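The residues making up each chain are set out below.
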Amino acid sequence: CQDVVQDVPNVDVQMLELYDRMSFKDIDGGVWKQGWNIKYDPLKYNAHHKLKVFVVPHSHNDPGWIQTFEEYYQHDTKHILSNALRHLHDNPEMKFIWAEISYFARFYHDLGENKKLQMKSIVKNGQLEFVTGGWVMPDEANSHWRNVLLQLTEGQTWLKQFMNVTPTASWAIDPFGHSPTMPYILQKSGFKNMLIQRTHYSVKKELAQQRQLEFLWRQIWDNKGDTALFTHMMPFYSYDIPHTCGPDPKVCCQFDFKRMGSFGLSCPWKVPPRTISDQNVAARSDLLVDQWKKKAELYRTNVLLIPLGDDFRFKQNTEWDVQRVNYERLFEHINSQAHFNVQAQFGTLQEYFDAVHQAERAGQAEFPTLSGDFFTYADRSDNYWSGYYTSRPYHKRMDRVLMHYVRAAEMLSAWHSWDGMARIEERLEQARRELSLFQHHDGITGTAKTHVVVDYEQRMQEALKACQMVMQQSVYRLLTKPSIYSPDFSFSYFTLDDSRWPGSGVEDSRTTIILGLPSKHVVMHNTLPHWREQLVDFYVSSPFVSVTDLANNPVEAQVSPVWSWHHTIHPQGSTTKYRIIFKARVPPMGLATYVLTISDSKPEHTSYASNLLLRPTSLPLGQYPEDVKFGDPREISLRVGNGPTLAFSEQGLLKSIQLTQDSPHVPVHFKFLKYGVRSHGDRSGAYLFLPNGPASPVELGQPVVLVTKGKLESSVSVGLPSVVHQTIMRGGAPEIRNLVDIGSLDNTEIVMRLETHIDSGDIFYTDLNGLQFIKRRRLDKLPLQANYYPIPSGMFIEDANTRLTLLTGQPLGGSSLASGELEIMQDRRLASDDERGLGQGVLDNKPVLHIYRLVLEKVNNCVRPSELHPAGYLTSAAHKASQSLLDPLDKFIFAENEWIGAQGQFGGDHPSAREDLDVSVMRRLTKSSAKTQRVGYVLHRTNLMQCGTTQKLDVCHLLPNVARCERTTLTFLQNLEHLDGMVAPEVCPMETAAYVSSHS
Ligand SMILES: OC[C@@H]1NCC=C[C@H]1O
Ligand SMILES: [Zn+2]
């Protein structure tokens, strides 16, 4: 295993370094506004050395944006694919590439048999070529790597099953900036090439100048380079025809033949396209070939990629005709005229990449190496696209909930074969597909029209219900004696209980366990492959409850009141229901059963939290044994167990953390601020963050502070404008919860900021797709919005001695705008459109419960990478805190009065793997009729910082009667290695591997 800490990789282009050097000057470069006047030597190409040009027709199909998936399917995409089937069938030299398998599967299953066979034949002969073959073209900023893999697997599994093809070339023309997580997953899924478009105009210019727009993209930690994936960056402003023929859109627009008469479209540069004739073909070819030869100067081979398409193009029969016939006339003239020294034809993306690598192996070119990312994107001037890192934060949070629910449903149901009557495979397919669809670059991004967001939400709501049904049927089968297990596959044996989605302040939909019915069975699931202990809570009808395991051993517990906030923002207690809080111990990938039992009076093993209200009136709590205390606002300090001591201001916001008894009170201040929108010039919208100066403090007033002090759990909640802010303490890193209701504060963005004396300077770390931490440098030469980066799961600052890490349960935008600071946007409400085509601002805000862990640590005794290393790594504590947010224990309440044949535990004999190893995916790949059953596992090993302080996991033996163990691509679709003694080796730090076990 490569060291990923001490050795820095050697790359030609390191994007953090490039950022340090680049001036980012927004110079007017002429007809190529963000470039220069390209020159070429006409003697460069001759009859020996010709320019080979591939014109690659395409149609950008958004699975939701202005319309819903179904609306676009019915009114646009259905007609595009029908016309493609017909026109490619009838025109054997014509070509077309297709990216979104969500739409293609929708279309193919509607076809009659005749058309299905016609479709298979134009795919088999390479006319219609799938590019990437994901369910969608995902967002790369907010998307979790697990969901990027999920949506890739959904699409390619469909393509393999139905078209017998697996794409090896990726096409990503629309995501708003690009992540190295994509080459990471693609290269481990059999890919050989990828293409990207939306990078910063200054980066296009800088790389174009060095012919570095094609590069071997490797991970920031990868010394050896085996992660490398060949990447083509397109050089110009857009993927549309005006910005794909060459540097001058006024010329290129004349070669988009849909922009003439009968179609009702036009060229903004005022020169229309003309039909190619014998009279004008020499003149028109002169202009077009000159554009091609200019574009070719930016690349290292004599093979040129010319995309030909735009948003939902190739819809009409007549569009196919006018583009095809005019280009054929141009090709026929250009190829016949030796003076051009060009061979031009319709081609596909893999045809382009194959020809580029042939040129490379002929000795024509050697490609530069590159590491880093392409955030934050700007398309023009100061228009940085950091807005969508936060836009529609409710659905951003919902994404991470559904991610966990799909993993837990696939894992819990994987243990057994199910009868088709159970509809397990149907429910899991539905859940995978709705979560996969939401990875779209107008889904999780929050860049779709209000009604489309509603469609996404309802699809994810149904996916969540499907996951619950699979999980509760699985738990019933796993913990019921086989002698009794007699399933009704339509019955609810358990109801799920989820404290954090949507949150009791958002949807007051937790079931109260009603005891009098004296006892109630609850079950916890642990999707992680190590033993876990975690506090769990349930709502109960009475404060007089005690906890046992199934063997009747008592379990220490705490009872707190149920609290809700009301607009003055004041708490009110429940007289009716109470929280029972206790520590569940759950095996790796297993289940643990506990029992809640009522009694006459205070039980022996259950304690009662005190409650202090700081502002008064009086708050009855019914049967709750301890009266609520009142006091004037004052500073307060709390410690739970052996854990940190936290001090809070009189506004109830953190001000210091003391790690240990004999350690300093380290300053750590939470503050809420607000950004506005410009009165003059460009307005913030769903995409763009265009602040009118630094954030100004929120006016807190004199707020009400509720302090709940318990043996197992304490918390400080405060009712601020737009935010009920809560700090919860269970004995380790505190948990922060913000109930964010931006209400009708138009043109406002609410930020949460941490202020410390950590001497971070201009350095900070943010993650990419929950997979890796990348070093960021704040640049005062760039505007504030350019220093905003995606925070998909975490961010940290460190000096030589001290680190602060903020872990998130949701992707939000964030930065460190000054030494010692972290900040992260909570929500944003924008009255205006930002002119990228969405045609609305963001005024559909709803209450969302944002969750975090705050980890203050000493790192002076940690082995940290070189100061030249472009990566950072979490500690054990920060990693486990992330895992607690993204993959908590699942909680199940037995629905019925009696559970005959209940068992106490499943998975007690499961191996407890090292803390840096995860079973990201467990998925049964076969239905019950397969005589050979197959189960797929994805194994991810992270890299933790070593600071001073388990059984081997062989996934192929987790199930019995194992006949074969194969290492596969991450999609499970290609066998890479038949494994020795059917033992799945453990993987290197920052490596992800997939394995399929086969069983008798
Ligand atoms: O995905 C549809 C849109 N294409 C142009 C710009 C941004 C995207 O939302
Ligand atoms: Zn798009």
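Residues numbered from 1 in each chain as written, not as in the entry; some residues may be left out. Chains lettered and ligands numbered in written order. Heavy atoms only, no water.

Deposited coordinates in this entry are attributed by the record to X-ray crystallography, at a stated resolution of 1.8600 Å.

With that settled, the discussion passes to the packing of helix α2 (residues 69-90) against helix α3 (residues 101-110). Pairs of packed helices are described in terms of their axes, by the angle between the two and the distance that separates them. For the pair α2 and α3, interaxial distance at closest approach is 10 Å and the crossing angle is 70°. With respect to their mutual orientation, α2 and α3 come out roughly perpendicular. For the pair formed by α2 and α3, the contact residues are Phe-69, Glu-70, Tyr-72, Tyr-73, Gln-74, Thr-77, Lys-78, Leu-81 and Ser-82 on the first element and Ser-102, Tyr-103, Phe-104, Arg-106, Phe-107 and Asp-110 on the second. (Axes fitted to C-alpha atoms, helices over the stretch in contact; angles between N-to-C directions. Helix = DSSP H or I, 4+ residues; strand = E, 2+ residues; numbered from the N terminus. Parallel < 35°, antiparallel > 145°, perpendicular 65-115°, else oblique. Contact = heavy atoms within 4.5 Å.)

If you trace the twelve strands from one edge of the open sheet to the other, you get β22-β21-β28-β29-β30-β31-β40-β37-β36-β33-β34-β41, paired in mixed fashion. Of all strands in the sheet, those with a lone pairing partner are β22 (629-631) and β41 (871-872), marking the two edges. Bridge count for strand β28 (residues 705-709) against strand β29 (residues 714-720) is four bridges, and the pairing is antiparallel. Bridge pairing links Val-705 to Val-718 in β29. (Pairing = 2+ DSSP bridges.)

This part is about the sheet that holds strand β47 (residues 975-978). Pairing in this open sheet of five strands is antiparallel, and the strands run β44-β45-β48-β46-β47 from one edge to the other. For this open sheet the edge positions go to β44 (917-924) and β47, each flanked by a neighbour on one side alone. Averaged over all pairs of adjacent strands, the angle between strand axes in this sheet comes to 30°, irrespective of strand direction. Sheet topology note: the strand β45 (residues 933-941)/strand β48 (residues 991-999) ladder contains nine bridges and is antiparallel. The residue bridging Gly-936 from the neighbouring strand is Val-996, located in β48.

Moving on to the site of ligand 1. Looking at ligand 1, the residues that line it are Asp-62, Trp-65, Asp-174, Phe-176, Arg-198, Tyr-239, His-441, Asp-442, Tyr-687 and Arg-836. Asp-62 places a polar side-chain atom, nitrogen or oxygen, 2.8 Å from an oxygen atom of ligand 1. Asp-442 is positioned such that a nitrogen or oxygen atom in its side chain is 2.4 Å from an oxygen atom of ligand 1. Taking 270 Å² as the accessible area of ligand 1 by itself, protein coverage stands at 95%. (Near = heavy atom within 4 Å. Polar contact = N/O pair within 3.5 Å; in protein donor to acceptor, adjacent residues only side chain to side chain. Areas by Shrake-Rupley, 256 points an atom, 1.4 Å probe, with all protein chains shown as cover.)

This part is about the coordination of the zinc ion (ligand 2). Around the zinc ion (ligand 2), the protein supplies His-60 (NE2), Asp-62 (OD), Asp-174 (OD) and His-441 (NE2) as donor atoms, at distances of 1.9 to 2.1 Å. Each donor residue of the zinc ion (ligand 2) lies on the same chain, and together they follow the pattern H-x1-D-x111-D-x266-H. The class of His-60 is buried, set by a relative accessible area of 1%. (Donors = N, O, S within 2.8 Å, 3.2 Å for Na, K, Ca; no water. Buried < 20%, exposed > 50% of the residue type's maximum accessible area, 1.4 Å probe, protein only.)

Take the packing of α3 against helix α5 (residues 145-163) next. One can describe the packing of α3 onto α5 by two numbers: an axis separation of 10 Å at closest approach and a directional angle of 35°. Remark: the crossing between α3 and α5 carries left-handed chirality. Within the contact between the two elements, α3 uses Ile-101, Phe-104, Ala-105, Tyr-108 and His-109 and α5 uses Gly-155, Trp-158, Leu-159, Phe-162 and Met-163. In terms of residue class, the contact of α3 with α5 is made up of eight nonpolar, two polar and no charged. (Left-handed = near helix turned anticlockwise from the far one by under 90°. Nonpolar A, V, L, I, M, F, W, Y, C, P; charged D, E, K, R; others polar.)

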